[PDB]
Every structure is written in C-alpha cells, then in structure tokens.
Amino acid sequence: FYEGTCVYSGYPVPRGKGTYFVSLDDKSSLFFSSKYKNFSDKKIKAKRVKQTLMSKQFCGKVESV
Amino acid sequence: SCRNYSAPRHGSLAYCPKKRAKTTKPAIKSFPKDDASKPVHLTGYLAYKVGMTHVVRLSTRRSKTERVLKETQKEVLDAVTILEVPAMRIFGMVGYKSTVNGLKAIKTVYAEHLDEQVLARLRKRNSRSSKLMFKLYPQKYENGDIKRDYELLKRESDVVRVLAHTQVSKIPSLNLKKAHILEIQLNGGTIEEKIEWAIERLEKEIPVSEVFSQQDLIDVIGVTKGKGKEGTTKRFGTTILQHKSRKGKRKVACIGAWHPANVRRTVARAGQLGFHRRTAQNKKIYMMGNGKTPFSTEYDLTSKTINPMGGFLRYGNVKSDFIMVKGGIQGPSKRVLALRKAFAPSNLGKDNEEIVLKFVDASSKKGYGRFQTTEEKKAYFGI
Amino acid sequence: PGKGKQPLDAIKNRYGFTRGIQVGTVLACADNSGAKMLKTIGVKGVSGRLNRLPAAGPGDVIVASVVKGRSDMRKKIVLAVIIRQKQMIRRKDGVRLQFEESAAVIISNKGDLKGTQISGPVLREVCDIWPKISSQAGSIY
RNA sequence: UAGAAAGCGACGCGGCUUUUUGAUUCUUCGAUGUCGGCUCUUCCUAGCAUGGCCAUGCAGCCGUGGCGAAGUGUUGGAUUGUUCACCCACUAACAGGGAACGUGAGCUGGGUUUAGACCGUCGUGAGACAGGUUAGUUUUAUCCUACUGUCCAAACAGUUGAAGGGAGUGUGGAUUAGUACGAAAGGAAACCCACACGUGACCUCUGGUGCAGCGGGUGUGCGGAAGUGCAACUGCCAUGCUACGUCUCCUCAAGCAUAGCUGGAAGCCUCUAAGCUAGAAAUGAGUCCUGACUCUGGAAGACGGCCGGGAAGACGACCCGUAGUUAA
RNA sequence: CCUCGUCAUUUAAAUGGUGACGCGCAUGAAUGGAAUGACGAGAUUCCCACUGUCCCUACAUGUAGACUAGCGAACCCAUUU
RNA sequence: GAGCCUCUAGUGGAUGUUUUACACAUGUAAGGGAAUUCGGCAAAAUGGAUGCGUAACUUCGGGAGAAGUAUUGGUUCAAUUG
RNA sequence: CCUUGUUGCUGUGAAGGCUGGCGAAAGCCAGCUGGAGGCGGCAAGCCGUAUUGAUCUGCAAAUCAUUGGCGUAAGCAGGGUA
C-alpha cells in the first residue's frame, strides 16, 4: 500500500507518512518530507538535486517513459 | 484571604509519596475471584517489551440511533506494541491458608530435576560458586517425604499457586543468565483437582496459548522509565514564574501560610521522577503469532514476518511467540512485564468490538523507512 | 445554549483537530458578502480555564468584528464558520493536510449563509456537518 | 383576580456573626519589613451550577419558595496602582468568605511615606497642605526544626497485608417526537455516539531541537592544489528527549432528606412508639499507589570489594557480565 | 473640590488620549500672558513593521554547582527544641 | 592608528571525574502575534554604498538620510571615469 | 592667574569668485570653484541613561558586562601660584 507519489522528488510515499499541501489556486499536492517542500518554496529546480528520481530520469541514469 | 480566582490542583495525590520502585520485576499482587463452576486454569504470565509499530484496521462502529441506511465501513490507523512470550516451565507449588491476618504459606514443594537457569537465580554472583544448591533434596522422593507433603497441602489449604520460570537463554539480546521466577494462581474446581492438575505438569512447558487468545482484554503490570531527580515544573506540572524574577523561575513561589507553622505534604517539591510501578487495565489483544512464521491479511497478499527491516533498534529479531496490543506500554525495550486476566469485564463499546486487520507496517525504524522488504529495495536501486 | 446577544440556534458536533485560530487572530473572509477581514473576539462552546486563550479549529463558530469591508458593515459583531486553517490536521485514517491561508464564512443565527459564493478550497469534514457549504465551495479536499 | 399566611408582611419585639467601620490602650519603640498584583496549597457554608426530593397562583416549556448535602467546578478581556466599581465576549454557572487584612532571607515595585524640582491656595517670612505633578539603591541560610526524595536499621529466593493516601467531572448531538400536555402558540422524559477540562503513561506517525555525521560560501594564515586553524555564518540530518502528537478513566454494601408498609397508644385513625421496603455527584469497601510485625524454602560455605558495562543514577543504591553467541 | 463633569471622536468594551464647552473650590499678563519652527538618554496616547512578553513550554552549548586530591574561614550562640 | 586575521618582540596553572536539580552567560522554535505587564521592560526587526522619488509647517537657514522603492558575488570583455 | 601638552576618517555645502543664458533696465536662472559652523555619523578619549542585569562573607568601604550621551570645542589634562 502507498499514499501516492511525491510531486517534487518523484519518490513513492509509504502509507501513513508524508503530507498534502493545498494552495489557494485550488490544487492539492503530495510531498515526501519537509525537505522537498522547502526546496519548492525556495525555487530550487528538482533536476539539479541529483539524488531525486526526477533528476536521475532527466539525465538518463534511469530508464523512463 | 481567599485566593482571587479558582483553579484545579497540580497532579494527583493518589500517587504520593512518589518514591522509586525497589526492584525491576513485578509480582501480580491481586488475582480475579475463583469460581468452582469452571475447569482448572492459570491466570497470568511473564513477557518482554520489544518495541512499537502501526497497523490499519477496518471498522463499522456508529451510534445505534444513527438513521443512515448504508453499512458504512471505514479504515482506522492505530499504534501497537509487540511483546515476546517464550514458554514458561513449571517447577514447584505453594499452598496457603486463610487466617485473621490474611493468607499465609503452609509449604512449598519442588520438582526432582531443576535447570541451571533457575538455580542461577539463587546465587548472587554467577561465576563464583561451588554449585552445591539443591543436591540433597532428591532423597525426599525416596523417603516418601514428598507423599507426606502432598497430603498436608491437600488436607489444609484455601488457595494453591504454581511456581514458573522463564527460559532466558532463548533471548540472547538480554545478556542474562538467571531466569525470572513468578508465582501464578489456579482458578476453577476444588483443591484436590487443582493439586492433581499441578502434579501432572511439574517439569513441563506451558505455551502462552493456554492462557490467552485473540480479542481478549488483559491487564499489564510494569515499572515505568526512569528520569532521575527533577524539579516541580516537570514532576507536578506547575507554571513558570514571571520573566524578570531573581532567584529562579522554575519553582513554586509560596509553599504555605504562617499557620500551621509547618510545610504540608500536599505542596509540590523537587525529587525522584519515574521508575514506579503502574498497572494498565483492559488492554486488547489484536494479534498472537510466531517470530519466524510469515503471515498475510485478506488484502495484503505479501507474506512477511513481524520483524521490520534491520530489526528493532536495540533488540534485533523476534524468534519466539508474540502478542500485539493496542497503544503504549510501561518501560523501555528489554524490561520484564507481568500479564494478568482482566479483573472484571468491561461495558464500554470501544472495548468489546471486533478487529479486522488489513495492513501491518514493517519498514525500518532507523531513519525514514521507505520500503517494506529487501526485494523492494533491490528493485528500486539497480541490480 | 442560546444566551446574550447574537445567540446560535443550530449546535453541531465538534471534531477533535488541533486548534490553530485563537482570540486576537485576524483572518480573511472567503464569501462575497462584502466583508474582507475579520478579527476574532470569542469562540462558541468554550468554558475556559485560568490563563488560557480560547481557541478553534475547522467547523467551529467564532464571534468576530469586521475590520475591513464596505462601510455599512464595519465595526459590527458577526458569526462565522472556519473552513480552512494553516496549522496541520490529522484525519482518523491517518492522512495529514495543510492549507496555504486560513479563512471563514459568515452565517445567520439560524445557520443560513450570508453570501452565495465561496472562494477557494474547503475541508471535506466541514461539508459533512454544514451541508449548505457543499453547494457553493470552490473545491473539496 | 377569591382569600391573613403560593408568594408577601407595615407598626413593634428577640437573637447570632466578626467578613465593615468605630470604641478602648492589655502585649511589642537596644525594630515582629507597611497597599495591590503574580505563584501555590488547604479550610468554612449562610448552596451560584451539577445529583436526590417537598410545596406552588405546578397544563407543557421557563420559573419561585424550602430540605439532606461542601465530592467536582466557578473563565478570557477594555479604562484604572488599586481592593472596589463599570462595560464587552464566552459559559452548566461565571456564589460569598478565612488562614499574622495567608504568602517580600518567594518575586515585583505601579501607589503611599526621606533628601531635587513645578503649579494652585495659605503665611510679612523661614515654610505648610489624607491638594495635583514628575525623578527617586529592595542585603545575608553554610545552624535547629519542618517538608521532598536517598541509604542503613532488615543475608539470599518467593510472598503476606496492619496502617496511611486516593480520581474522574461536565457539556452537546441523535432517538423517543413535532409525541404526551394544551383553544391555539408552543412543547418535555433512559440506553448509544462526539467533544472539552483534569489524571497516568508512551514515541509507531507528525511538529520542534541539532550534541555524533555529511555538505556550502565570506575575510585572513600554512609557496600552489589537496588536507586544514581562527572569526564566526549557513543547508540537511541518525539515536535520544519532548507536545503542537498517540493511548487512558467502574462496581458493590450500608443508608440522608423524603415518599411508603404493617401497627398500638386512643375499639376509629395514623410512616413510629418496636419492627420492615425503596432511596443522593455524599459515606465505607474492592479494582489503583505506599508496605509494620510476620510466614514458607535451600545449603559448609556464603557474601562484599576490585575489573568491565547500562535499560539505572547527584553520591550511595538498582539491573547485569568476567574464558564466553565475551570484548576489540 | 464636587468629579470617573457633559457632548463628539478613537475600541467589541475607554477611571485613558485628542477635539469642543465654561460663574474658573482656588486661570491670567516681565510674581510675565498667548500661538509656532529647529533641537531633547525629559513626561504622555495611537498606528505600521517585528518578535518566547504571553498562550505553553520544549531541546541544545559554555561556566559554576554534585562526587574526589591539596589548602582552609566567618556571622551567630541561656539552650534541653 | 574601527572590528576580524598574520610578521617582529613577548607570554600562562587548586587534580581528577561526562558531570542530577536550581542558577548565570548565550543559541533555536509549529500555529497565533502584545492576548503579557503599571508600562513593549527585555529581545527581535532596520543597517554600508549607488540611483530614482520625497509632505505639513517654518524665524526661509531648515524639516531631510523625511517617508516610499530598486540594485549589489564570481568570470571574460568593451570604454576610460561616466 | 602664569607656563605647557592633546584634532585622525567621513557627510552637508554659508560668504566670496568664474563661465553660459534671459532682460530696456534693475537683477533673475543654470553648471562649476571655494570651504564657514559652541552643525550631523564615527575613532582615540571624556562621561554615566537603561537592564531597577551580575556582585552584595565582593576583584572593589562604589567595581564588571551589554546598552547609551558628547566627541573642530562656554572640550580634556600635567607642573608652578592664589
């Protein structure tokens, strides 16, 4: 069982962990931890954070769609 | 003059004086009422605290008067504690007699062969002994002293209890070579039946499945975590004083009036906190199982043991039988606890409901645990 | 129970969430009635203990005064329902939520809404105990 | 609305209290720190809410007058140095008091009441004014006793229970039900579920903290790079600790006020004179914490130090290990 | 003095602040009277920003403190508590 | 000739123990933001240089850095003080 | 009263002067030069507002920390003399 997939990191989230953040734009979004939520606020682009699943796919280190 | 505004007291006087417990192992001091109408059964056991995890269960509990047509079912997430319970071994019995001064012990009778683990409790320092402990007692079997002893117990007794020890050698993480010994009461039938039932079982092993089953309510007796000497702010919960005060803010400001000219026992003072005996009533058994047989739910079709990835932090892996119970339990990992059948049955609706599990969490307790098995980790990373 | 000025006739069950909004808090108004900012002066249902400030969560009814809005409406006392909150909440299923900004919506003594449209997202649990809010909210979470 | 007495009760008369202010000067002038607030505990009842009842000008809803009862509650603010007062908001309700006008080697120092200075009124003046205004040093426990924990009196293993402590309180929703009751308008009465305050524990989750660990930059040192000092800044974060997190909290017995049963005095009557029944958040026990004097058992050796650890810790004490799933 | 004077404005709420009014216990003209600028570690009221002052406290650092070696006092004292 | 870092020249002892509570010097904090208190006391916030833009009143000198806003590192070039 | 010692870095930009424009005149407007003041921000220094902080058997019969006021001048100081 999973809670979902983290918006910023790309990481799958275990049941009973993480949090949803809801913006006034009306969108609901899931984050793995406080670490990656804060990186969003500070406008760090995910592709530069080299341990993320997003970054690894973009570089072609991991096979993706 | 009367104080300006009303407020409640700080802390409960039901637990004063709050002194330190004498030793770490508790005796069950009170047992539920006997009933001659039922078969002979045991009333308690010993267990070791492993650690905590969480589960998801299905529920359908709602007000009987709620007008909603549909049989609504809902997921609930709950925290649980795991206890390890290897089989205890029976090694003797005691009879008691009722007097104007309460119960008094008449005689104690021991098995012919006793184990190294139990003899080790009788000496103080383990590695320095001549081991001439019980070596002359076996003659009493030849002499018929045992047969005279049983006669006296059977003739003159009101209450009968067995002596049992735990097999510490099965739990290596304890670093312990002396067994723990507990006296457990027998309820049901007559004195004669109780004595015969006991005699049949000296030297043998009783599994936990004799005493308890799933969904049962039980009482847990233990000693809490220790916290050393502490001030009034933490020991009794009193408020911190004004920020600009000299001579300290973390204290009770006024400790009495002029008369009486002494301090009352009801005022808060600094001292020992933690390491006290406490009993938790009516906790419910969610599951019973074994540390090395995998299990599954109707919904989670993975097959896994209770052990999380990397084990419980300062314990490792469960190997013997285990019980799982709702909520938190006294003391740190590795402490001994006493389990008892509930003293009286509960009327509350939250207690008497069924339990149906759909998921149990097995992720790592060190750091953020993000996989349920080694197969998932090997699949997420390469190769 | 209905006592004093501005009594409430339509009592409902509380949920036990954390209480992010307390006396002194200024918060936005989400409806189209013409108020813009509300200043919290009291909470319904609070019996109080020494030294503690009264506090509320989603679903609770607050007493407030109108500190920004149209001229006819300012410096008057009004009732409102809390629809979202910036402090974190835990559902009984174990899910946790957090919104970007807190807000409330104005009601009558009988529990009827003052306006006709509500800006932005609203918490699901509120729509379970205040059914009229479901009709005119932006999105439900 | 009839009518002394549901509720009131003129004109008069008898008491109790020490929480108001007087009256008096018995104790202290080789010194008993003086108003209010903050903090914290206990007691009283002349009962505001919460429980059981009786009367009614008690239909129902809301009330009003009385009885046994002190277990649990009695809040957040604006002006003011205030106690007091007066308003706003909530509430089941926001009763009234005592303990050297409780509480300064517990704090604070706004008021009053030393020495500087302004104003008004009084005085020829020096100066006065329970008239107004502004600035104005808060010392010392290391003694005895109390109180809170700690060891010894009490070899080791298993227990017993004398006596002392004590804990759960309240609100709402649904259902009975738009029912009984009332011309109508209005409008009640268990069980179950949600919550708040209080109590005792616990870290699986979520916040917080950053001692161990990994990274980044600014100024200047070790010839450069690499490894790095000093001034200090900064992103993440194990274990642990913690609440803004999670779990927790009823059952008997004897009986108050009352309302009843049988029943004489007193052939009738009658709750009482003997005897019996129902009876309160109150009382006494159990479940819960502390643990006096005891009781049962093993064996010619036992136990303490020294050495090494912690789940325990101010120091003692407690839990453990020493040729082994021992340590490195 | 009466007095927390009356009316307006500032607040949810004003023994406060500012604006008006005046038979002013007992204002007032070098015992100096009245209206401003620039400048006060001078007295007073309000708004914006900001925050452990507070709700309601939690965790961590250095130095003392506890225990130990060497050195080593005083206040006070009818004392049986 | 500020603070911070280095060259010349000069410098140091009541012993061991990881060490509770309460202190004294300091750090950080979810949501709220003076509700605290006689009183924002203490703390936080603002901060240098360059440019844009600056009110009432005034003895016409001032107010005035009013207020309010934007920019700022390394590298490689043009142009010569912009 | 007599004889002496002690002013470093920066901001603002008075009087006087030179160019260019406008004007019939008188004298108005720009840009630059010049460097006044018991004038602003600081350093060395001199002082003593707050924390009613530390200390109160003190380091000290008036000291220490942070925070403050002035600092091109009715400023601070040695010796001789009254």
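Values quoted throughout were computed directly from the atomic coordinates according to the rules given, and no laboratory measurement underlies them. Heads up, the Cβs are rebuilt from the backbone with ideal geometry, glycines too, and the neighbour counts pull from every protein chain shown.
A compact table of results
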{"quantity": "For C:97-104, mean number of other protein chain Cβ atoms within 10 Å", "calculated": "3"}
{"quantity": "Peptide-level mean, for B:367-376, of C-beta atoms on other protein chains within 10 Å", "calculated": "2"}
{"quantity": "For peptides C:100-106, B:241-247, sequence by mean Cβ density within 10 Å, most packed first", "calculated": "C:100-106, B:241-247"}
{"quantity": "Test item: B:52-60 mean partner chain Cβ contacts at 10 Å", "calculated": "1"}
{"quantity": "Chain B - mean residue ellipticity at 222 nm from DSSP helices (-39,500 (n - 2.57) per run, n ≥ 4, rounded to 500)", "calculated": "-2500 deg cm²/dmol"}
{"quantity": "Isotropically averaged projected area of the protein assembly as shown, using the convex hull of Cα atoms (one quarter of hull area), nm²", "calculated": "42.1 nm²"}
{"quantity": "Residues of segment C:74-105 with amide N under 13 Å of a point placed 7 Å along Cα→Cβ from C:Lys12", "calculated": "C:80-84, C:105"}
{"quantity": "Peptide ranges C:20-28, B:204-212, B:128-136 listed from the most packed, as the mean C-beta count within 10 angstrom indicates", "calculated": "C:20-28, B:204-212, B:128-136"}
{"quantity": "Alpha-carbon centroids, segment B:279-345 and segment C:113-127: separation in whole Å", "calculated": "45 Å"}
{"quantity": "Stokes-Einstein D for chain A, Kirkwood Rh over Cα pairs, 4 °C, 1.567 mPa s (µm²/s)", "calculated": "103 µm²/s"}
{"quantity": "Separation in nanometres of the label points that stand 7 Å from Cα toward Cβ, at C:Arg49 and B:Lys107", "calculated": "5.9 nm"}
{"quantity": "Top positive-direction residue, dipole computed over chain A with Cβ charges, set A:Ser29, A:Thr5, A:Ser55", "calculated": "A:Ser55"}
{"quantity": "FRET efficiency, B:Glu183 to B:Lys229 (Cβ-Cβ, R0 30 Å, nearest 0.05)", "calculated": "0.30"}
{"quantity": "Candidate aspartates and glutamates for bridging to B:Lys18, where Cα separation is under 19 Å - those fewer than 8 sequence places away on the same chain excluded", "calculated": "B:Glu230"}
{"quantity": "Debye intensity ratio in log₁₀ form over the Cα atoms of segment B:1-120, taken at each q of 0.19, 0.20 Å⁻¹", "calculated": "-1.31, -1.35"}
{"quantity": "In range of the label at B:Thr60: residues from segment B:283-307 whose backbone nitrogen is under 18 Å from the point 7 Å along Cα→Cβ", "calculated": "B:298-299"}
{"quantity": "Two-site label geometry, B:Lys249 and B:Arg148: point separation in nm, points 7 Å out along Cα→Cβ", "calculated": "7.6 nm"}
{"quantity": "Stokes-Einstein translational diffusion, chain B - Kirkwood Rh over all Cα pairs, 0.692 mPa s, 37 °C, in µm²/s", "calculated": "130 µm²/s"}
{"quantity": "Listed residues B:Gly316, B:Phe371, B:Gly289: farthest to the positive end of the dipole of segment B:259-383 (Cβ charges)", "calculated": "B:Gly316"}
{"quantity": "Additional length obtainable on full extension of the chain from C:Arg90 to C:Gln136, 0.36 nm per residue less Cα span", "calculated": "14.1 nm"}
{"quantity": "Relative contact order [Cα under 8 Å, 6+ residues apart], chain B, whole percent", "calculated": "26 percent"}
{"quantity": "Geometric extent, Cα atoms of segment C:86-136 - Rg, Dmax (angstrom)", "calculated": "12.4, 35"}
{"quantity": "In nm, spacing of pseudo-spin labels at B:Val76 and B:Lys25 (7 Å Cα→C-beta vector)", "calculated": "3.8 nm"}
{"quantity": "Relative packing of B:196-203, C:74-81, B:342-349, which averages over residues the other C-beta atoms within 10 Å, highest first", "calculated": "C:74-81, B:196-203, B:342-349"}
{"quantity": "Candidates B:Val118, B:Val68, B:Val55: whichever shows maximal mean-square fluctuation once chain B is modelled as a Gaussian network with Cα springs under 10 Å", "calculated": "B:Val68"}
{"quantity": "FRET E, pair B:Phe295, B:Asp216, Förster distance 25 Å, beta-carbon r, rounded to 0.05", "calculated": "0.85"}
{"quantity": "Selected from B:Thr293, B:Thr53, B:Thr279 as most flexible by GNM, with chain B as the system and alpha-carbon contacts under 10 Å", "calculated": "B:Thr293"}
{"quantity": "Cα-derived Rg to Rh of segment C:1-117, Kirkwood definition", "calculated": "0.95"}
{"quantity": "Residue with peak Gaussian network fluctuation, chain A [Cα springs, cutoff 10 Å], from A:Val49, A:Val22, A:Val13", "calculated": "A:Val22"}
{"quantity": "Linear extension gain, B:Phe343 paired with B:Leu69, 0.36 nm per residue minus alpha-carbon span", "calculated": "94.8 nm"}
{"quantity": "Of B:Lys292/B:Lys358; A:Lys35/A:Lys56; B:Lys74/C:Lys86; C:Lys44/C:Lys92, pairs whose Cα-Cα distance is over 22 Å", "calculated": "B:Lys74/C:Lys86; C:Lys44/C:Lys92"}
{"quantity": "Net lengthening on full extension, B:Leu313/B:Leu132 (0.36 nm per residue, minus Cα-Cα)", "calculated": "61.2 nm"}
